[PDB]
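Participant:
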Amino acid sequence: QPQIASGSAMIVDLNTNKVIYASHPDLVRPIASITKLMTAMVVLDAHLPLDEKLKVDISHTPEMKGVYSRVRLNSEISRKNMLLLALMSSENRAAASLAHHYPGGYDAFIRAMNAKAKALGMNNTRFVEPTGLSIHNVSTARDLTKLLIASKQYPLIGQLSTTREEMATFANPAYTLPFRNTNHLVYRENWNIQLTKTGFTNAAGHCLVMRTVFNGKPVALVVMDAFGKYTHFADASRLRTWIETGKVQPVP
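Each residue of the sequence shown is one higher than the one before, starting from 36 at the first, in the deposited numbering.
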């Protein structure tokens, strides 16, 4: 049984949903930008047009007040691109804006986020807003595993989340911004990744969730509350080695 530097983790075999590894998997903690996976699912569940040009809007998200972003308020970009920026780059204004263009309004969006959690058996999970900036967006490694299992039903989420980088062009006014994936493993050919999302807040620590393949075995990996910007990636690498070869490695 390998040791991890992070506060909690869970790895599941996606062939059978069997738990391969668990470390404090029921510890309830904030999850930061991992929230954006749920946000993406809520958008797709309603089958809102992906090509629709939407305005950046943070009116109803008090958690975004005074938070820096390069995505300008009232500028426009497609729903699909907002999903992309939210998932690949953890762009908060893009995630927030998605909830401002939802049938029934912003609070209907939050209801849908919590309704899905319940429907997925994520009984220790709560969402209050779509970005993950709120310390009240909480879950457990076990619940996040359920979210990952459910993400298999949303191929676009996986596609978009693994995009290495892209230039995003906005309208009103015309400007282009460079964006890059928060997970550098998408640039490493020895990693086979179907879905990725990172997160960081001091309350949540560094967080990482992935759907990946280790020697033909598809797995769902969750690492939460890592101190140090590479500690969660180091944990993931050490667990991979253990899964693939059986060799337990110490925590450096």
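Note that the Cβ used here is the ideal one computed from N, Cα and C, for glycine as well.
1) Less than 7 Å between the C-beta atoms of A203 and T166, yes or no?
2) Whether or not the region 236-249 and the region 58-70 are in contact is what I'm after, with contact meaning three or more pairs of Cβ atoms, one per stretch, closer than 8 Å; do they touch?
3) Could you name the residues of the same chain whose beta carbon sits closer than 8 Å to that of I39, not counting the 5 residues immediately before and after it, in chain order?
4) Determine the extent of the alpha helix (DSSP H) in which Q188 is found, giving its start and end residues.
5) I need the boundaries of the alpha helix (DSSP H) containing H241, first residue and last residue.
6) Compare the Cα-Cα distances from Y210 to each of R107, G42 and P60 and report the closest residue.
7) Kindly give me the distance between the Cβ atoms of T180 and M73, rounded to whole angstroms, as I take these residues to be in contact under 8 Å.
8) When you compare only the Cα positions, how much space is there between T231 and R246?
9) Does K232 come out as helix, strand or coil in the three-state DSSP assignment?
10) Alpha carbon to alpha carbon, what distance is there between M76 and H82?
11) Beta-carbon separation of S113 and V91 under 7 Å?
12) Would the beta-carbon of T96 fall within 7 Å of that of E200?
13) Please say whether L195 and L119 have beta carbons closer to each other than 7 Å?
14) Could you pull the start and end residues of the beta strand (DSSP E) that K264 belongs to?
15) Within the same chain, show all residues whose beta-carbon is closer than 6 Å to that of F268, passing over the 5 residues directly before and after it, in chain order.
16) Classify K90 as helix, strand or coil using the three-state DSSP reduction.
17) Buried or exposed: where does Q229 fall if 16 or more other Cβ atoms within 10 Å of its Cβ makes it buried?
18) Would you call the CB atoms of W277 and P37 closer than 7 Å?
19) Under a Cβ-count criterion, where at least 16 other Cβ atoms within 10 Å of its own Cβ denotes burial, should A154 be classed as buried or exposed?
Facilitator: Working from what's here:
1) Locating residue 203 in the sequence shown gives position 168, where the first residue counts as 1. Locating residue 166 in the sequence shown gives position 131, where the first residue counts as 1. Result no, Cβ atoms of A203 and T166 do not sit closer than 7 Å.
2) Yes, the region 58-70 touches the region 236-249.
3) Locating residue 39 in the sequence shown gives position 4, counting from the first residue. Cβ-Cβ distances below 8 Å link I39 to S58, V258, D270, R273, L274 and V286 in the same chain, with the five nearest sequence neighbours on each side left out; the list follows chain order.
4) Against the sequence shown, residue 188 aligns to sequence position 153. First-last for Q188: undefined, no H or E at that position.
5) Residue numbering aside, residue 241 sits at position 206 when the sequence shown is read from its first letter. Segment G240 to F249 is the beta strand (DSSP E) holding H241; no alpha helix (DSSP H) there.
6) Along the sequence shown, read from residue 1 onward, the residue named residue 210 stands at position 175. Comparing Cα-Cα distances from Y210 to each of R107, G42 and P60, the minimum goes to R107.
7) For the purposes of this step, residue 180 is taken as the residue at position 145 of the sequence shown. For the purposes of this step, residue 73 is taken as the residue at position 38 of the sequence shown. That pair is no contact at about 14 Å.
8) The residue given as residue 231 occupies position 196 in the sequence shown. The residue given as residue 246 occupies position 211 in the sequence shown. Looking at the two C-alpha atoms, the distance is approximately 7 Å.
9) Your numbering for residue 232 matches position 197 in the sequence shown. It is a strand residue.
10) Numbered from 1 along the sequence shown, position 47 holds the residue referred to as residue 82. Numbered from 1 along the sequence shown, position 41 holds the residue referred to as residue 76. Their backbone Cα atoms lie some 10 Å apart in a straight line.
11) Here residue 113 refers to the residue found at position 78 of the sequence shown. Here residue 91 refers to the residue found at position 56 of the sequence shown. Against a cut-off of 7 Å, the Cβ pair of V91 and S113 comes out as no contact.
12) To locate residue 96, count along the sequence shown from 1; it is residue 61. To locate residue 200, count along the sequence shown from 1; it is residue 165. Cβ distance not < 7 Å, so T96 and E200 don't count as in contact.
13) The residue you call residue 119 lines up with position 84 of the sequence shown. The residue you call residue 195 lines up with position 160 of the sequence shown. In this structure, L195 lies closer than 7 Å to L119 by Cβ.
14) Start at 1 with the first residue of the sequence shown, and residue 264 comes out as number 229. Per DSSP, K264 belongs to no beta strand (DSSP E) and is neither H nor E.
15) Sequence index remark: in the sequence shown, residue 268 carries index 233 (1-based). Excluding positions up to five away in sequence, the list is empty.
16) In the sequence shown, residue 90 corresponds to position 55, counting from 1. In this structure, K90 counts as strand in the three-state DSSP scheme.
17) Here residue 229 is taken as the residue at index 194 of the sequence shown, counted from 1. The residue in question, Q229, is buried, as its Cβ has 16 or more Cβ neighbours within 10 Å.
18) Stepping through the sequence shown from its first residue, residue 277 is reached at position 242. Stepping through the sequence shown from its first residue, residue 37 is reached at position 2. Yes; because the gap between Cβ atoms is below 7 Å, this pair is in contact.
19) As a working note, residue 154 is residue 119 in the sequence shown. By the Cβ-count criterion, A154 is exposed, with fewer than 16 other Cβ atoms from all chains shown falling within 10 Å of its own Cβ.
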